[PDB]
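1. I need the structure of the sequence given here:
(2 chains)
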Amino acid sequence: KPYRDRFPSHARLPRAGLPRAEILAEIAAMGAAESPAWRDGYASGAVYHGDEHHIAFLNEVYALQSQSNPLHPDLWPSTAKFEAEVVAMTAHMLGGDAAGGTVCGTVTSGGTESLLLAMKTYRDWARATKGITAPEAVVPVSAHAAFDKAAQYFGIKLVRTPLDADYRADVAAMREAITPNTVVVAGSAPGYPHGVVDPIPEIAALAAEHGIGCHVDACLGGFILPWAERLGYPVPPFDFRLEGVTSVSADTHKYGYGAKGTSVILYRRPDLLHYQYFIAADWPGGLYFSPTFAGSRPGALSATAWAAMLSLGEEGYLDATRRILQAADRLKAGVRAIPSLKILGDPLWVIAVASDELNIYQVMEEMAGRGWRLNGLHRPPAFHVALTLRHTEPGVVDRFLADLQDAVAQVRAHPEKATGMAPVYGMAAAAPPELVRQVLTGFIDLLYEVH
Amino acid sequence: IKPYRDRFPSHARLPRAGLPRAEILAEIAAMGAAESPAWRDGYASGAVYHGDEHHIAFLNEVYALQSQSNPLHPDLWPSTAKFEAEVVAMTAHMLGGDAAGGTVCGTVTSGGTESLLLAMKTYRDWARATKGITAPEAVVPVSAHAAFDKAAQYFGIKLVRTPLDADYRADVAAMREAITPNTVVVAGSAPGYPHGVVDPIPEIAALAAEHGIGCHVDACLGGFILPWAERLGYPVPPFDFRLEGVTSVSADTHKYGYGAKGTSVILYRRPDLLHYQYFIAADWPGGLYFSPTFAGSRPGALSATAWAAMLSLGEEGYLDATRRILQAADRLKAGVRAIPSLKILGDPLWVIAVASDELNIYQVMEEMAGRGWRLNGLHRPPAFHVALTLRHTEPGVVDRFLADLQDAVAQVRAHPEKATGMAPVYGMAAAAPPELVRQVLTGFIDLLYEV
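-> Numbers count the residues shown, from 1 in each chain, chains lettered A, B, ... in the order given. The relevant structure is shown in the block below.
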């Protein structure tokens, strides 16, 4: 709570309105304090483009479309056009033409919503067409936590399967997990924890063989992999080029470089998609429908995804991807050169680093002391760096490597040293889930406290 | 109808080279100039709740300053976590939070719909854990928002919709009758969307308390109006946490809170309830993961606009806004009551449903649409409604509406069997089987996405 003292805290509405200019000044002051962390390349993921002129551009797109609410297509035809075209361009980028032009979908609020919508869809589709009333889904253990959300929300039994030695989904184990109640299998392209791409072709073939859905979670890789493959990097087919792939999610607000608050969910055919829609026919409020979870939604954010995609084009994404992968090659080589560290699996740009010899959490803390905001992993203990355009700026990778060497040097000198956040990650990794659940609940409570 | 199909290029694939930013902005601004008059000049029911150029410019700057904010990372954007904490606190206090003894808590969400879904899932999970209910039911009046049906289908909750009385308010006897040992929550609207009437919340909250079940007040529409109307001397009974039996309340900052689209609040009477809403993943290789609501990544900038809006208005601003709206409503209702063959459904304060026993109300609406009015068509019974906003408090807007309505009714009385434009569409939709409706709308949604 860095501002508790510096700025007044508001627990009750002001009696009189506060001047706009004063409110703006406080926000701007917080911005001056918070922006250098991501601007200067210290943050893993978080901000994916980060360029000043790009930001200004999307900020103006927002201003022009700020009142847009796509619940009302009659008032804002502009925003419906934007959403339709974001979906179309994304579908094409992800091999939709290979499906024969049946690929379709919707804009969503984020990767999580895309995943939730897909799971709900397979659930409803299977109930209607396969008579399945006790649905199951099989995904690798590395698959995004959002799958657990969907499981709990929608009453789907989630079966998570082990990884192989390269941290990729074990497809034999996935096959063993399939039952007559399974409605979907999923693979990540790539997964968040370690940035590796699952064996999508085998998973999709498994799905097709069992007559079940196959979802590819490309929320992280959707706007990178198509271009990496074009640049000559080893990426397995992972999209609608594969006959068994029935849906793909992709985050425009990540490497699509749109503003926070948008993603896309694509289905191979309209008859899948149709199970996603919500339609209310007998409501006295009149006919009501929505394609996704929301009713009212910020159409301005859809505008920013559209504007970003158009301002970049193929050349722009190809260029961005090249810069990121080149920075990634550099960083990966530098980590492998540090004696006591290793990279998990064979990632292209989301790099999980671990150590069998040292406390990786203290290494992480030593990096934190130098300004780095990295993600702490467990199972196994590691930290990762999701490289973005911010990390392609001059000197950033060299800074990371120099800092990482010192970090490793300090931990090697004091192997028992465990300071700051390191004991917290260490504890969370050993604690019983129920205990973590309770502690984290308290934590979320603190974030919402006003004094 | 897609207006820009023969005016602007359509994009079905990424452009090969990025298009110039200036050109992209030029096209969006062109659409803005064509679209803004409708809501600016007071022709739209609801849709835009504040609409003033200085307020909007103000919020547009708030967005710009916070545009990169993603509340998923409180460590990078402590500002945004502070904004959400305070929006919750201020809203809670405004809604009788102090009356519960300081235990009221909650979260910021993406909209009223998400608030309703969260509340419903929460009662589902709470009732399973504490009352062992595994086949949960919810009892709500037939007028309750379509989102309740959404929550029911999503979360496997049997929804029971109960009849209204003569004043279009919930029949509480019918609600009592519909309660079973599997009922986990009852709800009331404050007010409901179709007819703008406030349900008997005190009676409903009492019904709930007697049965040890939850009571949700859907104040998405009235949350930022009712508390102020009560203070202005208007007939509004307690509808919030002042009532012992009320356990949760939803309120839309993006409606009469005058925040930007994309935010709402869900409030619970006690933390033990709120805790059933959190999602926590403890075993995911991607590390500890939690989210208070449905989303993972979120557009923090929108939370900033809600906070900024509330602070810039304060009690005096909301009091003045409400006065202007109710004043306009009073004038408009008197005008409608003066027009022969029209009636108002129930006794609404500012969301006015008008119907006709003698004339086709749908053609009257079409006649208004021909004068530029964008109104909402209802059925059960056939009617239209106009949700008055600040846009309608501008000089002359109410007078224009009434003059137009007088003309529309005259035209329809002169040609009772005339039905043009959308009138036969609404008429068919009111008579059509729900399953048929669902199929036709599914095509309609497909149409919005055609490129």
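
2. identify the residue spatially nearest to residue A:418, adjacent ones excluded.
-> residue A:362 (5.6 Å; CB to CB, 6 or more residues apart in numbering or on different chains). For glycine as for every other residue, the C-beta is placed from the backbone atoms N, C-alpha and C.

3. residue contacts, that neighbour?
-> For residue A:362, the contact set (CB atoms under 8 Å, 6 or more residues apart in numbering or on different chains) comprises A:411, A:417, A:418, A:419, A:422.

4. ok, these vs chain B, which is closest?
-> Closest to chain B out of those is residue A:422 (13.6 Å), distances taken as CB to the nearest CB.

5. next one: phi and psi at residue A:58?
-> With angles defined as degrees, to the nearest 10, residue A:58 sits at phi -70, psi -30.

6. and residue A:178, by the same measure?
-> phi -80, psi 130.

7. residue A:105 is in contact with residue A:273, correct?
-> Yes - the pair residue A:273 / residue A:105 is scored as a contact, 6.5 Å apart, by CB atoms under 8 Å.

8. those two: who's more crowded?
-> Shown here are residue A:273 and residue A:105; by other CB atoms under 10 Å in any protein chain shown, residue A:105 has more neighbours (31 against 26).

9. give the partner strands of the helix or strand hosting the more buried one in its sheet and their orientations.
-> Following DSSP states H and E, one finds residue A:105 within strand A:104-108. Strand pairing for strand A:104-108, determined by DSSP bridges: strand A:263-267 (antiparallel).

10. next secondary structure element downstream of the partner strand?
-> With elements assigned by DSSP H and E, the helix or strand that comes after strand A:263-267 is helix A:270-273.

11. could you say what helices and strands that following helix packs with?
-> Contacts defined by 3 or more CB pairs under 8 Å, 6 or more residues apart in numbering or on different chains; DSSP states H and E place helix A:270-273 against strand A:104-108, helix A:111-130.

12. to residue B:166, which of those lies closest?
-> helix A:111-130 (38.4 Å; CB to CB).

13. circling back to that earlier point, filter the contacts of residue A:362 down to the buried ones, ChimeraX style.
-> Remark: buried members of the contacts of residue A:362, expressed as a ChimeraX selection using 16 or more other CB atoms under 10 Å in any protein chain shown:
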select /A:411,418,422
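
14. anything in stretch A:254-262 near chain B?
-> Yes - legend: contact between stretch A:254-262 and chain B by CB under 8 Å from any CB of the partner chain is shown at A:259, A:260, A:261.

15. which one of those residues is nearest to residue A:440?
-> Nearest to residue A:440 out of the residues of stretch A:254-262 next to chain B is residue A:260 (CB to CB; 23.1 Å).

16. just give the nearest non-adjacent residue to the closest one, would you?
-> Nearest to residue A:260 is residue B:299, by CB to CB, 6+ apart, at 4.3 Å.

17. which residues touch the one you found?
-> Applying CB under 8 Å, 6+ apart, we find residue B:299 in contact with A:259, A:260, A:261, A:298, A:301, B:69, B:70, B:262.

18. from residue B:260, how far off is it?
-> Distance, residue B:299 to residue B:260, by CB to CB, to the nearest Å: 10 Å.

19. what does the stretch 351-451 of chain A have sitting close to chain B?
-> So far as CB under 8 Å from any CB goes, the stretch 351-451 of chain A lies against chain B at A:373, A:375-380, A:425, A:428, A:431, A:433, A:436-437, A:440-441, A:443-445, A:447-450.

20. next secondary structure after the longest helix belonging to chain A?
-> Longest helix of chain A, by residue count under DSSP state H: helix A:299-336. Next helix or strand after helix A:299-336 toward the C-terminus (DSSP H and E): strand A:342-343.
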